[PDB]
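What follows is a short report on a single structure.
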Amino acid sequence: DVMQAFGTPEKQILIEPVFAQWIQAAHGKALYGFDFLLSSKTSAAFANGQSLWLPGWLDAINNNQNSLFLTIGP
Amino acid sequence: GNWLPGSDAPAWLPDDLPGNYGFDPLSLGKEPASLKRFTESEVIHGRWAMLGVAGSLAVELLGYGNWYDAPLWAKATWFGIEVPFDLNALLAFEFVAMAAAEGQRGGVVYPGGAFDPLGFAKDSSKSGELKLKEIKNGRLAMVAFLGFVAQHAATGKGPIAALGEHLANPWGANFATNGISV
Amino acid sequence: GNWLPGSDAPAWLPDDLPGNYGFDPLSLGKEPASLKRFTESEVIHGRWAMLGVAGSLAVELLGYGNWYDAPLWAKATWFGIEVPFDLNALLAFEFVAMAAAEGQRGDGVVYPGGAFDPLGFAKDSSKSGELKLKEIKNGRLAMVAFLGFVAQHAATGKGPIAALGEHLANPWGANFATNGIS
Amino acid sequence: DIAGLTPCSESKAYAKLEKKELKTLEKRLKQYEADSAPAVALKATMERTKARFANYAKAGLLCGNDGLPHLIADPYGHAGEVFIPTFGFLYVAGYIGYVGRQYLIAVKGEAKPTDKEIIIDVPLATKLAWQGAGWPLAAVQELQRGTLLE
Amino acid sequence: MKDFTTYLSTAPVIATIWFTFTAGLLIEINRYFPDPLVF
Amino acid sequence: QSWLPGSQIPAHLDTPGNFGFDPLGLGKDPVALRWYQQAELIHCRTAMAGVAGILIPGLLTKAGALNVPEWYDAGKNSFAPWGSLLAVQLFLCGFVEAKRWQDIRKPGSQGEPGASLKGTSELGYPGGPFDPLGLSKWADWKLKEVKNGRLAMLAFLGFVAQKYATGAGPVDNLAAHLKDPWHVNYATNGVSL
Amino acid sequence: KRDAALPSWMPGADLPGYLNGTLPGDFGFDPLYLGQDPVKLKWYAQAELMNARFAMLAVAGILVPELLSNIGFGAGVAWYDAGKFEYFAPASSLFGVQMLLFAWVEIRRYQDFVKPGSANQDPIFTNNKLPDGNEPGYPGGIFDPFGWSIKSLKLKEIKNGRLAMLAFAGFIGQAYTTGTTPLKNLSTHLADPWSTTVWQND
Ligand SMILES: CC(/C=C/C=C(C)/C=C/[C@@]12O[C@]1(C)C[C@@H](O)CC2(C)C)=C\C=C\C=C(C)\C=C\C=C(C)\C=C\[C@@]12O[C@]1(C)C[C@@H](O)CC2(C)C
Ligand SMILES: CC1=C(/C=C/C(C)=C/C=C/C(C)=C\C=C\C=C(C)\C=C\C=C(C)\C=C\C2=C(C)CCCC2(C)C)C(C)(C)CCC1
């Protein structure tokens, strides 16, 4: 607030939630570009269920007009 | 000879145990009830992983097989020959086989009778000298098999091929070109 | 005669030992238990590196070849004759050959005989002693020479008998001082 | 880059946040002469504010779609953001705490200790103050020795 | 002045003579090193 | 022998390198003082060594004897991986430091009947195979060993700081000064300390 | 606390104790007190002789080949530019053989310092031995073949040595500034000594 008040929002302390952003990546959201588990196309976890339900899943997680694992910031 | 020079060996490991070099810092075998259990399971892990290694060396040792690429077929394939089926049939007749024979352990280290036909265990004065060698070939294998799994996840390669890669370029290709430590 | 004029020889080297000239300044043999070991392993080093020197000379003067350039073929070549097998075939049938015969040398003798003295050189009486001096002093001298053979070639020079030749042409010119000082 | 967020050295929005703030102060500075007092302040602030933006671009922080620098708090591109400072605190806080410990214990044995919590023995405290410089080396040795816990 | 110094070494006085010090220190450092988000 | 003559030396040094220095009173605990004495001893030996291979190279380079790089730029070079080198080093030292550590815990411990004549001597001074020539009435060596050590410990910290400040070799820094001492200083550079 | 009636260097001043007039050439000079501990006098006493006899040899090696080469006799050069490159072997070897032959003789002499009668007899032709001197640094026999038996004599050694040691320091110093042979430095000094001091030349 004080930084906002003095007209210097660039001085804010904004910590990015790296840990949740990691989890979302492991779940297959590709925004953050960590490439883990269900993000990475060369992972056993991906190759196992890719012809099961993941196409319906991954399609839904990455539609950001829906509520499923919303985008996260400071 | 204990595992760390100087150090005093704890009260609970009598050195009349086979291969006691005084290693239980975490003091997991403090209680003798819980110790007798681990003395048993040690020997079994020891015994399996000794076959486990011996086995998954012999596979790729003389033939273009590999222990990581063995299950591919899920037609099985022993020593170049065909096979007697599939998945369900092996599971069933491995479940019952194992479940029965391990079920009937009403836990022993040296059950003998059937398991020593040729008759080595016998002559008290050397009986112990084997049980050391038992557990040390036991441990050395359990380490090696972990060594076989660790190197596989880093590379693709495969035990005897990794050994051959290291002999070509020893200084070059070793364990600081993967990621256990960066 | 002890190794350094003046010096007193320590309490632990009895001079009834073969070739004891009173050298243990680092006092590594103070403890007898650890002396009996090194007296043993001095003789064995003594032996091998006697053949060692005898062998890797012979390959350059007579036999056509060099001890540094010998393993090049990793088809083997004995005297001229294309030896059988390759590498693997030699590992297995050198492991088992050495491992067995050394592995049955422990279960602590320097001068066994029986098989190993068929002619009967040591035996009664005085002679046996006098030979064991000669045994360790040709033993040492050959351990020193072999290190001379690695040192001069190890990082510089060329061939043992060739380096000797080079020195005989230009002794004031080509010696140790060309790559040993700089 | 990390979490897909751009670096402040490159990012457009961040560089347009530069412009807006500066061009707020240059709309003020018009209403004053150049020789005047407040003009030296509205120039000096600008100089400082324009220097500030430059010094995060050189620092290399990650700026988002917002235009604001976000921070990284685990591992090594962005150590100095949190990982170094973090120790800074645990030191100086540990400093304060352990000095305070050595004071209360040092008083404890002296008939009435409660007087020394109020009329503080300054020349006791100022000796413990400096002693409390090497505190982790003492704190460890005290955990070892086994005088640390009741 | 043994008495006057004991008063100056009273809790509320020390606190204030301590805080004007560690306040200045932090204002001071924010002058010559202005606007930190690193170091 | 005192480090500041007049300053009352703290009690816990009753003269057992002892010039009375321990202001913050680290070693008041005699547990801590025995441990800390060998920290020093190890810190000295490494640094005397290390600096010898910064200076004696660095001095001979100007002399012309050896074409050695500067100590910052001797890392970077092709033979083996550094991962390997560190690993093999970290492997090899870890073994031996563990033999020091058990000596520091249980002095004799390194003489178990089972290849160990490297028993001990006194604490921090192992001797025997670590003393080929063998030196032992004049144990003034024991003194220089700490002193020449603290000198070298400082010397390195100096190297590290005085390249951070001028970005040039200690053998250069030594000349630059010697050429104009009063205009090339501590006081005529980047940072005031 | 200090001898009264023996050679001084500041007449009236005090010899300290440890300089008894025992060693050869003691007039009791040790301002910095380097000879305090009688262990360390033992080394230095010997150290002096070695350093002395190398200088006295060396300074003769330096001067004579100039004294002759100017009279004109057959090889004569500059005592520093001499060792550059002009010999039947290379630099490297001549050192190797030198370092070898010495390493032998010095560890021989050193054992005699450590234990006074340890090395006095041939170990090959073992009937050959140098007599029971019992005096390290003054070993005798072969080394005194014409047989000068005296305190007189042992002064004259260290006095000549102290003088020679300098003369050599001079040679280093004098060369390093002036850049010619020390007899050429003495020529130019003797031509116009007054206008050619150090202060003139500095
Ligand atoms: C300064 C230092 C220690 C300082 C600590 C001090 C002042 C302690 C003092 C006090 O505790 C007392 C007594 C009492 C307390 O009440 C107060 C304080 C004041 C706290 C250690 C440095 C120690 C310095 C060391 C060990 C450095 C060693 C050097 C090495 C090995 C480097 C390696 C290389 O340089 C080579 C050799 C060759 C190059 O080419 C490449 C590389 C790889 C860079
Ligand atoms: C690294 C990092 C991280 C993480 C972390 C963690 C995970 C942690 C944990 C932690 C823990 C898990 C802890 C524990 C603890 C315990 C205990 C038990 C404690 C104790 C304490 C004490 C005892 C104290 C004392 C003292 C002192 C010393 C001084 C002052 C005074 C007093 C008294 C207070 C993060 C990511 C965040 C960030 C980045 C970095």
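Naming works like this for the structure tokens: A, B, ... for the chains as they're shown, residue 1 at the start of each chain, ligands 1 onward in shown order.
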
Contact residues around residue C:61 with only C-alpha atoms at 12 Å, ignoring same-chain residues under 2 positions, as an mmCIF file with C-alpha atoms, in the first residue's frame:
data_model
loop_
_atom_site.group_PDB
_atom_site.id
_atom_site.type_symbol
_atom_site.label_atom_id
_atom_site.label_comp_id
_atom_site.auth_asym_id
_atom_site.auth_seq_id
_atom_site.Cartn_x
_atom_site.Cartn_y
_atom_site.Cartn_z
ATOM 1 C CA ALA C 54 63.255 -59.346 -17.102
ATOM 2 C CA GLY C 55 60.069 -59.541 -19.270
ATOM 3 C CA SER C 56 59.749 -55.943 -20.624
ATOM 4 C CA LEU C 57 63.504 -55.820 -21.383
ATOM 5 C CA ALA C 58 63.326 -59.136 -23.429
ATOM 6 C CA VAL C 59 60.473 -57.750 -25.700
ATOM 7 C CA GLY C 63 61.304 -60.316 -29.159
ATOM 8 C CA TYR C 64 60.290 -57.538 -31.602
ATOM 9 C CA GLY C 65 58.291 -54.857 -29.671
ATOM 10 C CA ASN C 66 58.103 -52.392 -26.699
ATOM 11 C CA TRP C 67 56.366 -52.710 -23.245
ATOM 12 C CA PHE C 79 57.297 -63.834 -29.902
ATOM 13 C CA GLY C 159 62.028 -47.266 -24.793
ATOM 14 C CA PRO C 160 64.132 -48.643 -21.878
ATOM 15 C CA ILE C 161 66.916 -50.144 -24.117
ATOM 16 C CA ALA C 162 66.575 -47.186 -26.601
ATOM 17 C CA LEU C 164 70.023 -46.468 -22.693
ATOM 18 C CA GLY C 165 71.263 -46.226 -26.344
#

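For chain A, backbone-based DSSP labels the following residues as alpha helix (DSSP H): residues 2, 3, 4, 5, 18, 19, 20, 21, 22, 23, 24, 25, 26, 44, 45, 46, 47, 48, 49, 54, 55, 56, 57, 58, 59, 60 and 61 of chain A.
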
Saved selection, atoms kept: C-alpha atoms, as a short mmCIF file (atom, residue, chain, number, x, y, z; two decimals), in the first residue's frame:
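Ended up saving to selection_39.cif:
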data_model
loop_
_atom_site.label_atom_id
_atom_site.label_comp_id
_atom_site.auth_asym_id
_atom_site.auth_seq_id
_atom_site.Cartn_x
_atom_site.Cartn_y
_atom_site.Cartn_z
CA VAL A 2 2.68 2.55 0.94
CA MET A 3 4.53 2.01 -2.37
CA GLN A 4 1.17 2.34 -4.17
CA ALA A 5 0.46 5.57 -2.29
CA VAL A 18 6.22 -20.76 -7.73
CA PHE A 19 5.01 -23.80 -5.75
CA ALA A 20 1.35 -23.72 -6.86
CA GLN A 21 2.45 -22.73 -10.37
CA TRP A 22 4.56 -25.90 -10.25
CA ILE A 23 1.59 -28.04 -9.20
CA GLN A 24 -0.57 -26.58 -11.98
CA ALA A 25 2.25 -27.51 -14.37
CA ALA A 26 2.39 -31.07 -13.02
CA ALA A 44 5.60 -41.90 -18.57
CA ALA A 45 2.69 -40.28 -16.72
CA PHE A 46 1.70 -38.57 -19.98
CA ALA A 47 2.21 -41.60 -22.24
CA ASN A 48 0.22 -43.89 -19.93
CA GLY A 49 -3.14 -42.09 -19.88
CA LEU A 54 -6.13 -36.67 -20.59
CA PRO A 55 -7.34 -35.07 -23.85
CA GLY A 56 -10.60 -34.06 -22.12
CA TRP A 57 -8.57 -33.06 -19.06
CA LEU A 58 -5.73 -30.98 -20.54
CA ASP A 59 -8.22 -29.24 -22.83
CA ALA A 60 -10.22 -28.13 -19.78
CA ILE A 61 -7.32 -27.09 -17.52
#

Spatial neighbours of residue D:134, 10 Å, only C-alpha atoms, chain gap at least 2 places, as a PyMOL selection string: (chain D and resi 91+95+130-132+136-139) or (chain F and resi 24-26)

Got a sec to check which residues lie within 12 Å of ligand 2, using only C-alpha atoms and all ligand atoms, and send them as an MDAnalysis selection string? (chainID A and resid 15 17:19) or (chainID D and resid 71:76 78:87 89:105 132:144 146:150)

Site check for ligand 1: residues at most 8 Å away, only C-alpha atoms and all ligand atoms, as a CSV table (one decimal) with C-alpha atoms, in the first residue's frame:
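Written file, selection_34.csv:
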chain,number,residue,atom,x,y,z
D,134,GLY,CA,29.8,-14.3,16.9
F,21,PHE,CA,43.2,-12.6,21.4
F,22,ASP,CA,39.5,-13.7,22.0
F,23,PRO,CA,37.4,-10.5,22.3
F,24,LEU,CA,34.0,-12.0,21.5
F,25,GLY,CA,35.0,-14.9,23.9
F,26,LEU,CA,34.4,-17.8,21.5
F,27,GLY,CA,36.8,-20.2,23.3
F,42,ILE,CA,44.0,-26.8,9.1
F,43,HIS,CA,43.1,-23.2,7.9
F,44,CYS,CA,46.8,-22.2,8.2
F,45,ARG,CA,48.3,-25.3,6.4
F,46,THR,CA,45.9,-25.1,3.4
F,47,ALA,CA,46.4,-21.3,3.1
F,48,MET,CA,50.3,-21.3,3.4
F,49,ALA,CA,50.2,-24.0,0.7
F,50,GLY,CA,47.5,-22.3,-1.5
F,51,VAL,CA,49.2,-18.8,-1.3
F,52,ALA,CA,52.6,-20.4,-2.2
F,53,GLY,CA,50.8,-21.6,-5.4
F,54,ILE,CA,49.6,-18.0,-6.0
F,69,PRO,CA,48.1,-17.7,-15.7
F,70,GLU,CA,46.8,-15.5,-12.9
F,71,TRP,CA,45.1,-17.4,-9.9
F,72,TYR,CA,41.5,-16.1,-10.8
F,73,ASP,CA,42.0,-17.5,-14.4
F,74,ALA,CA,43.8,-20.9,-13.7
F,75,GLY,CA,40.4,-22.7,-13.4
F,150,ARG,CA,47.5,-16.3,10.1
F,152,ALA,CA,48.8,-16.4,4.9
F,153,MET,CA,45.1,-16.6,5.9
F,154,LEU,CA,45.0,-12.7,5.8
F,155,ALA,CA,47.1,-12.7,2.6
F,156,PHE,CA,44.4,-14.7,0.7
F,157,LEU,CA,41.4,-12.7,2.0

Pick out each residue of chain F that DSSP on the backbone tags as strand (DSSP E or B); I need them as a PyMOL selection string. chain F and resi 5+7+122+125

Deliver the residues from the most recent selection as a file, using N, CA and C atoms, as a PDB file, in the first residue's frame.
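Here's the written file result24.pdb:
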ATOM      1  N   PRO F   5      48.728  -4.503  24.533  1.00  0.00           N
ATOM      2  CA  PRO F   5      49.339  -4.490  25.863  1.00  0.00           C
ATOM      3  C   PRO F   5      48.654  -3.477  26.795  1.00  0.00           C
ATOM      4  N   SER F   7      45.080  -4.066  27.714  1.00  0.00           N
ATOM      5  CA  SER F   7      43.874  -4.930  27.649  1.00  0.00           C
ATOM      6  C   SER F   7      44.096  -6.151  28.543  1.00  0.00           C
ATOM      7  N   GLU F 122      50.307 -35.650  19.529  1.00  0.00           N
ATOM      8  CA  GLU F 122      49.440 -34.748  20.332  1.00  0.00           C
ATOM      9  C   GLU F 122      48.393 -34.145  19.397  1.00  0.00           C
ATOM     10  N   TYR F 125      48.695 -32.346  15.665  1.00  0.00           N
ATOM     11  CA  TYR F 125      50.099 -32.562  15.227  1.00  0.00           C
ATOM     12  C   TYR F 125      50.330 -34.068  15.089  1.00  0.00           C
TER      13      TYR F 125
END

Would you kindly return, as a ChimeraX atom specification, each protein, DNA or RNA residue with an atom no farther than 8 Å from any atom of stretch 11-13 of chain C, considering only C-alpha atoms and excluding same-chain residues fewer than 4 positions away? /C:17,20,22,29-32

Excluding residue D:33 and residues on its chain fewer than 6 positions from it, collect all residues at most 12 Å away from it, counting only C-alpha atoms, and give them as a PyMOL selection string. chain D and resi 39-40+42-43

Would you write out, as a Markdown table, a table of all residues in chain F that have an atom no more than 6 Å from an atom of chain C, listing for each the closest atom pair and the distance in Å to one decimal, considering only C-alpha atoms and ordering rows by chain and rising residue number?
| residue | atom | partner | partner_atom | distance |
| --- | --- | --- | --- | --- |
| F:128 | CA | C:26 | CA | 5.6 |
| F:129 | CA | C:26 | CA | 5.2 |
| F:132 | CA | C:26 | CA | 5.8 |

Exercise: residue A:27 partners within 8 Å, only C-alpha atoms, chain neighbours under 5 positions left out, as a PDB file with N, CA, C and O atoms, in the first residue's frame:
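Written output follows (around35.pdb):
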ATOM      1  N   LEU A  37       5.786 -33.579 -15.603  1.00  0.00           N
ATOM      2  CA  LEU A  37       4.743 -34.646 -15.550  1.00  0.00           C
ATOM      3  C   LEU A  37       3.745 -34.560 -16.706  1.00  0.00           C
ATOM      4  O   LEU A  37       4.094 -35.016 -17.802  1.00  0.00           O
ATOM      5  N   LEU A  38       2.565 -33.980 -16.484  1.00  0.00           N
ATOM      6  CA  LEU A  38       1.491 -33.933 -17.479  1.00  0.00           C
ATOM      7  C   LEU A  38       1.623 -32.733 -18.417  1.00  0.00           C
ATOM      8  O   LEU A  38       0.847 -32.630 -19.378  1.00  0.00           O
ATOM      9  N   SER A  39       2.573 -31.848 -18.144  1.00  0.00           N
ATOM     10  CA  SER A  39       3.002 -30.850 -19.140  1.00  0.00           C
ATOM     11  C   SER A  39       3.940 -31.487 -20.175  1.00  0.00           C
ATOM     12  O   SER A  39       3.638 -31.363 -21.380  1.00  0.00           O
TER      13      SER A  39
END

Just the residues within 12 Å of residue F:184, please, counting only C-alpha atoms, with nothing from its chain fewer than 4 positions along; format it as a PyMOL selection string. chain F and resi 166+172-180+188-190

Using only C-alpha atoms, what table do you get, as a tab-separated table, when you list each residue of chain A with an atom no more than 12 Å from chain E, its nearest pair of atoms, and their distance in Å rounded to one decimal, rows by chain then rising number?
residue	atom	partner	partner_atom	distance
A:3	CA	E:35	CA	10.6
A:8	CA	E:35	CA	9.9
A:9	CA	E:35	CA	11.8
A:10	CA	E:37	CA	9.5
A:11	CA	E:37	CA	6.8
A:12	CA	E:37	CA	8.3
A:13	CA	E:37	CA	7.5
A:14	CA	E:37	CA	10.2
A:15	CA	E:37	CA	11.6

Could you check the closest approach to chain D for each of B:35, B:132, B:54, B:182 and tell me which residue wins, using only C-alpha atoms? B:182
